[PDB]
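A short write-up of the structure that comes next.
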Amino acid sequence: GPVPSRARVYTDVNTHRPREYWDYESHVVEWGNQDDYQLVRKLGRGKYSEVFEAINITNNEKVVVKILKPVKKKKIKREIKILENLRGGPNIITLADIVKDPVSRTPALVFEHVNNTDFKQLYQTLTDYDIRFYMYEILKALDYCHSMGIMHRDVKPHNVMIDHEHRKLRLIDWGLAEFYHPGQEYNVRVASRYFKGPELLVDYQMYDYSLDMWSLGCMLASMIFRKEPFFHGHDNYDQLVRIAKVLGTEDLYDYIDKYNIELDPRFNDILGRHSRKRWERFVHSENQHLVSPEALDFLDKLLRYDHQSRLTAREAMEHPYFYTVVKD
Ligand SMILES: COc1cc(C=O)ccc1O
């Protein structure tokens, strides 16, 4: 069988929390008044929710209302408990209220409003300094939720909401987030395709916070190289092949051999043999102003096959890449 794995940090955070903290199935939802909020316009519809701009008529403030699609009670409770646990943390989206939507008959989560610009437009005007600044802000959120025993599991540009005017950032959509428990096996069907860690792609279930760091690395690569997404696979199998064409196949085999993992035999005729590439390969005259030795080394230390070998969020915040970022 597979060799077991443990997070190298925050390993027993939940072990020593009171059970109320992580036992979300037993959580009792405290409901607000649904008539406090008025839907103004629909912003989007995902697989698990519909998102609306709204007004809180008790203060005439703009808010965001996320009306959950019918889904098993524990997943709904999971997201709620996680949001309440993390509320007030650095750059964590603030859950303001929970109400029962009369039409859907499901919980509607009320969030603080973030005046966002579309990431595709934003990622295209971001300066070298902007990228470092916002990366640092994401790291604050990730070290926080990891230190609080939670992995996000869906880090991607769409879930990093940025108000570029006030240089304000929020990590959103905690619907896939989970509590980390040492040696627990998790569903590998998480994260968006382009941001899936190698551990998910090789069906290794005993993963941890370090998954989020691979996803963050994918975001970084897309930003500094101006290629979104960076690893652009057509499906989950091609996704691993795309990664192997950059990181190389010999380190992939070292990875799966270390945890005594076996690849899907489906890869036998599509994976091939590939050398590890140097990151300078992806540098050109249209992105070189976003690239530095510090950037490439930081990226290199995020994008590792071995989840145990990736920088932790805290380690990442110590990296020379962030030396130029103004501290508060
Ligand atoms: C799609 O999930 C979310 C969306 C938003 C705002 O767009 C805020 C919090 C969320 O969890």
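Following the order of the structure tokens, chains are lettered A, B, ..., residues in each are numbered from 1, and ligands are numbered from 1.
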Could you produce a table of the residues of chain A lying within 10 Å of ligand 1, with the nearest pair of atoms per residue and their separation in Å rounded to one decimal, using only C-alpha atoms and all ligand atoms, ordered by chain and increasing residue number, as a tab-separated table?
```
residue	atom	partner	partner_atom_place_in_ligand_line	distance
A:43	CA	ligand 1	7 (O)	7.4
A:44	CA	ligand 1	7 (O)	7.9
A:45	CA	ligand 1	1 (C)	8.1
A:46	CA	ligand 1	1 (C)	7.0
A:47	CA	ligand 1	1 (C)	9.4
A:48	CA	ligand 1	1 (C)	8.3
A:49	CA	ligand 1	1 (C)	6.8
A:50	CA	ligand 1	1 (C)	7.5
A:51	CA	ligand 1	7 (O)	6.3
A:52	CA	ligand 1	7 (O)	7.8
A:53	CA	ligand 1	7 (O)	8.3
A:63	CA	ligand 1	6 (C)	9.1
A:64	CA	ligand 1	6 (C)	6.0
A:65	CA	ligand 1	8 (C)	7.6
A:66	CA	ligand 1	3 (C)	6.3
A:67	CA	ligand 1	2 (O)	9.2
A:68	CA	ligand 1	2 (O)	9.3
A:79	CA	ligand 1	11 (O)	8.6
A:80	CA	ligand 1	11 (O)	9.8
A:83	CA	ligand 1	11 (O)	8.8
A:92	CA	ligand 1	9 (C)	9.5
A:93	CA	ligand 1	9 (C)	6.4
A:94	CA	ligand 1	9 (C)	8.1
A:95	CA	ligand 1	9 (C)	8.0
A:109	CA	ligand 1	11 (O)	7.9
A:110	CA	ligand 1	9 (C)	8.1
A:111	CA	ligand 1	8 (C)	5.9
A:112	CA	ligand 1	8 (C)	7.6
A:113	CA	ligand 1	6 (C)	7.4
A:114	CA	ligand 1	6 (C)	7.4
A:115	CA	ligand 1	7 (O)	9.6
A:116	CA	ligand 1	7 (O)	8.6
A:158	CA	ligand 1	1 (C)	8.6
A:159	CA	ligand 1	1 (C)	7.3
A:160	CA	ligand 1	5 (C)	9.4
A:161	CA	ligand 1	7 (O)	7.5
A:170	CA	ligand 1	8 (C)	8.5
A:171	CA	ligand 1	9 (C)	8.0
A:172	CA	ligand 1	9 (C)	4.5
A:173	CA	ligand 1	11 (O)	3.2
A:174	CA	ligand 1	11 (O)	5.6
A:175	CA	ligand 1	11 (O)	6.7
A:176	CA	ligand 1	11 (O)	9.8
```
Would you mind exporting the chosen residues as a tab-separated table (two decimals), in the first residue's frame, restricted to N, CA and C atoms?
```tsv
chain	number	residue	atom	x	y	z
A	43	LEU	N	-24.45	37.95	-9.86
A	43	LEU	CA	-23.05	38.10	-10.26
A	43	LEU	C	-22.50	36.86	-10.96
A	44	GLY	N	-22.97	35.69	-10.54
A	44	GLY	CA	-22.50	34.45	-11.12
A	44	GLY	C	-23.19	33.22	-10.58
A	45	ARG	N	-23.06	32.12	-11.30
A	45	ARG	CA	-23.58	30.84	-10.87
A	45	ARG	C	-22.50	29.78	-11.03
A	46	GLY	N	-22.10	29.19	-9.92
A	46	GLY	CA	-21.11	28.13	-9.95
A	46	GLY	C	-21.79	26.79	-9.84
A	47	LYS	N	-20.99	25.75	-9.62
A	47	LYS	CA	-21.54	24.40	-9.49
A	47	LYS	C	-22.30	24.24	-8.17
A	48	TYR	N	-21.95	25.04	-7.17
A	48	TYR	CA	-22.49	24.84	-5.82
A	48	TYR	C	-23.27	26.02	-5.26
A	49	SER	N	-23.34	27.12	-6.00
A	49	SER	CA	-24.02	28.31	-5.51
A	49	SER	C	-24.36	29.31	-6.60
A	50	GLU	N	-25.22	30.25	-6.25
A	50	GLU	CA	-25.46	31.45	-7.03
A	50	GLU	C	-25.03	32.65	-6.20
A	51	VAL	N	-24.36	33.60	-6.85
A	51	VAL	CA	-23.80	34.73	-6.14
A	51	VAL	C	-24.45	36.04	-6.58
A	52	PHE	N	-24.90	36.81	-5.60
A	52	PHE	CA	-25.62	38.05	-5.86
A	52	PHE	C	-24.96	39.24	-5.19
A	53	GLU	N	-24.99	40.38	-5.87
A	53	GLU	CA	-24.76	41.64	-5.18
A	53	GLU	C	-26.06	42.00	-4.48
A	63	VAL	N	-23.47	44.28	0.16
A	63	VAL	CA	-22.93	43.00	0.60
A	63	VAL	C	-22.97	42.01	-0.55
A	64	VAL	N	-22.41	40.83	-0.33
A	64	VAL	CA	-22.52	39.75	-1.29
A	64	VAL	C	-23.32	38.62	-0.67
A	65	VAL	N	-24.27	38.10	-1.43
A	65	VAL	CA	-25.08	36.99	-0.96
A	65	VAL	C	-24.83	35.75	-1.81
A	66	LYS	N	-24.41	34.68	-1.14
A	66	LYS	CA	-24.11	33.41	-1.79
A	66	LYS	C	-25.17	32.39	-1.41
A	67	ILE	N	-26.09	32.12	-2.33
A	67	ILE	CA	-27.17	31.18	-2.05
A	67	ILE	C	-26.75	29.78	-2.48
A	68	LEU	N	-26.60	28.90	-1.51
A	68	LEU	CA	-26.07	27.56	-1.76
A	68	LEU	C	-27.06	26.69	-2.51
A	79	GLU	N	-18.52	24.40	5.34
A	79	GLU	CA	-18.14	25.73	4.89
A	79	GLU	C	-18.49	26.77	5.96
A	80	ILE	N	-19.68	26.65	6.54
A	80	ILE	CA	-20.11	27.60	7.57
A	80	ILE	C	-19.17	27.59	8.78
A	83	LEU	N	-15.79	29.11	7.89
A	83	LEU	CA	-15.85	30.56	7.78
A	83	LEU	C	-15.91	31.23	9.15
A	92	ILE	N	-9.02	36.96	4.98
A	92	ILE	CA	-10.07	35.96	4.88
A	92	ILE	C	-11.39	36.68	4.67
A	93	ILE	N	-12.15	36.28	3.66
A	93	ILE	CA	-13.45	36.91	3.40
A	93	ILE	C	-14.30	36.79	4.66
A	94	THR	N	-14.97	37.88	5.02
A	94	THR	CA	-15.72	37.94	6.27
A	94	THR	C	-17.16	37.50	6.08
A	95	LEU	N	-17.55	36.46	6.80
A	95	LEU	CA	-18.95	36.04	6.82
A	95	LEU	C	-19.71	36.96	7.76
A	109	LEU	N	-25.35	32.66	2.41
A	109	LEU	CA	-24.26	33.24	3.18
A	109	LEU	C	-24.09	34.70	2.78
A	110	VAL	N	-24.00	35.58	3.77
A	110	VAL	CA	-23.81	37.00	3.49
A	110	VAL	C	-22.37	37.39	3.78
A	111	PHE	N	-21.70	37.94	2.77
A	111	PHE	CA	-20.29	38.32	2.93
A	111	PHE	C	-20.08	39.83	2.81
A	112	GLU	N	-18.95	40.30	3.34
A	112	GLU	CA	-18.48	41.64	3.07
A	112	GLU	C	-18.35	41.83	1.56
A	113	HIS	N	-18.59	43.04	1.09
A	113	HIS	CA	-18.47	43.33	-0.33
A	113	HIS	C	-17.04	43.73	-0.68
A	114	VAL	N	-16.48	43.11	-1.72
A	114	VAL	CA	-15.17	43.51	-2.23
A	114	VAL	C	-15.31	44.05	-3.66
A	115	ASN	N	-14.94	45.31	-3.85
A	115	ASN	CA	-15.01	45.95	-5.16
A	115	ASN	C	-13.94	45.41	-6.11
A	116	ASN	N	-14.25	44.30	-6.77
A	116	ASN	CA	-13.27	43.55	-7.56
A	116	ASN	C	-13.14	43.98	-9.02
A	158	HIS	N	-9.73	33.17	-9.62
A	158	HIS	CA	-11.12	33.56	-9.40
A	158	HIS	C	-11.46	33.62	-7.92
A	159	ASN	N	-10.75	32.85	-7.10
A	159	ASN	CA	-11.05	32.83	-5.67
A	159	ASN	C	-10.17	33.78	-4.86
A	160	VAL	N	-9.38	34.58	-5.56
A	160	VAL	CA	-8.60	35.62	-4.91
A	160	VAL	C	-9.12	36.97	-5.38
A	161	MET	N	-10.04	37.53	-4.61
A	161	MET	CA	-10.69	38.78	-4.98
A	161	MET	C	-9.86	39.99	-4.60
A	170	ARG	N	-8.98	39.50	-0.73
A	170	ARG	CA	-9.73	38.53	0.06
A	170	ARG	C	-9.72	37.15	-0.60
A	171	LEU	N	-9.43	36.13	0.19
A	171	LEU	CA	-9.54	34.75	-0.26
A	171	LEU	C	-10.97	34.24	-0.03
A	172	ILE	N	-11.65	33.87	-1.11
A	172	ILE	CA	-13.07	33.52	-1.05
A	172	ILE	C	-13.35	32.06	-1.39
A	173	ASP	N	-14.64	31.71	-1.40
A	173	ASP	CA	-15.15	30.36	-1.70
A	173	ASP	C	-14.46	29.24	-0.93
A	174	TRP	N	-14.84	29.13	0.34
A	174	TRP	CA	-14.31	28.10	1.23
A	174	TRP	C	-15.17	26.84	1.19
A	175	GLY	N	-15.93	26.68	0.11
A	175	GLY	CA	-16.83	25.54	-0.04
A	175	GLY	C	-16.14	24.20	-0.23
A	176	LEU	N	-14.87	24.21	-0.64
A	176	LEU	CA	-14.12	22.97	-0.78
A	176	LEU	C	-13.13	22.77	0.38
```
Practice problem: Could you find all residues in segment 157-238 of chain A that DSSP calls alpha helix (DSSP H) from the backbone, and write them as a ChimeraX atom specification? | Solution: /A:198-201,210-224,236-238
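From atom CA of residue 120 of chain A back to atom CA of residue 314 of chain A, the distance works out to 27.7 Å.
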Self-check item: A:266, A:304, A:232, A:327 ranked by distance to residue 216 of chain A, top pick (using only C-alpha atoms)
Solution: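 Closest to residue 216 of chain A of all the choices is A:304.
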Self-check item: Filtered DSSP result for segment 150-219 of chain A, state strand (DSSP E), as a list in words
Solution: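 Taking segment 150-219 of chain A and keeping strand (DSSP E) only, one gets residues 150, 151, 160, 161, 162, 163, 168, 169, 170, 171, 178 and 179 of chain A.
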For the residues selected in the previous step, produce a file with N, CA, C and O atoms as a compact mmCIF listing (two decimals), in the first residue's frame.
```txt
# COMPACT_ATOMS: atom_id res chain seq x y z
N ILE A 150 -6.86 24.33 8.76
CA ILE A 150 -7.73 24.24 7.59
C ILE A 150 -6.96 24.40 6.29
O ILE A 150 -6.11 25.29 6.16
N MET A 151 -7.24 23.53 5.32
CA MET A 151 -6.71 23.71 3.97
C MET A 151 -7.82 24.17 3.02
O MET A 151 -8.96 23.73 3.12
N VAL A 160 -9.38 34.58 -5.56
CA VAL A 160 -8.60 35.62 -4.91
C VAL A 160 -9.12 36.97 -5.38
O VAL A 160 -8.71 37.47 -6.43
N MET A 161 -10.04 37.53 -4.61
CA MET A 161 -10.69 38.78 -4.98
C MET A 161 -9.86 39.99 -4.60
O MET A 161 -9.48 40.16 -3.44
N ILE A 162 -9.58 40.83 -5.58
CA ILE A 162 -8.71 41.98 -5.37
C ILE A 162 -9.41 43.29 -5.71
O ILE A 162 -9.88 43.48 -6.83
N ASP A 163 -9.48 44.18 -4.73
CA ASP A 163 -9.86 45.57 -4.96
C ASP A 163 -8.57 46.37 -5.16
O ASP A 163 -7.95 46.82 -4.19
N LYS A 168 -6.68 45.94 -1.68
CA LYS A 168 -7.28 45.04 -0.70
C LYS A 168 -7.56 43.67 -1.32
O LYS A 168 -8.05 43.58 -2.45
N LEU A 169 -7.23 42.61 -0.59
CA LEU A 169 -7.35 41.26 -1.12
C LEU A 169 -8.13 40.36 -0.17
O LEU A 169 -7.96 40.45 1.05
N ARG A 170 -8.98 39.50 -0.73
CA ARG A 170 -9.73 38.53 0.06
C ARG A 170 -9.72 37.15 -0.60
O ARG A 170 -9.99 37.02 -1.80
N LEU A 171 -9.43 36.13 0.19
CA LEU A 171 -9.54 34.75 -0.26
C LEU A 171 -10.97 34.24 -0.03
O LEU A 171 -11.44 34.20 1.11
N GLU A 178 -11.29 22.08 3.99
CA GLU A 178 -11.42 20.99 4.95
C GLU A 178 -10.46 21.13 6.13
O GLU A 178 -9.41 21.76 6.02
N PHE A 179 -10.84 20.51 7.25
CA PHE A 179 -9.96 20.42 8.41
C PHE A 179 -8.87 19.37 8.18
O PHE A 179 -9.15 18.27 7.71
```
Self-check item: Residues within 7 Å of residue 283 of chain A, only C-alpha atoms, excluding chain neighbours under 4 positions, as an NGL selection string
Solution: :A and (225 or 287-288)
Quiz item: In terms of the shortest atom-to-atom distance over only C-alpha atoms, which of A:282, A:253, A:186, A:259 is closest to residue 230 of chain A?
Solution: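 Among the listed residues, the smallest separation from residue 230 of chain A belongs to A:282.
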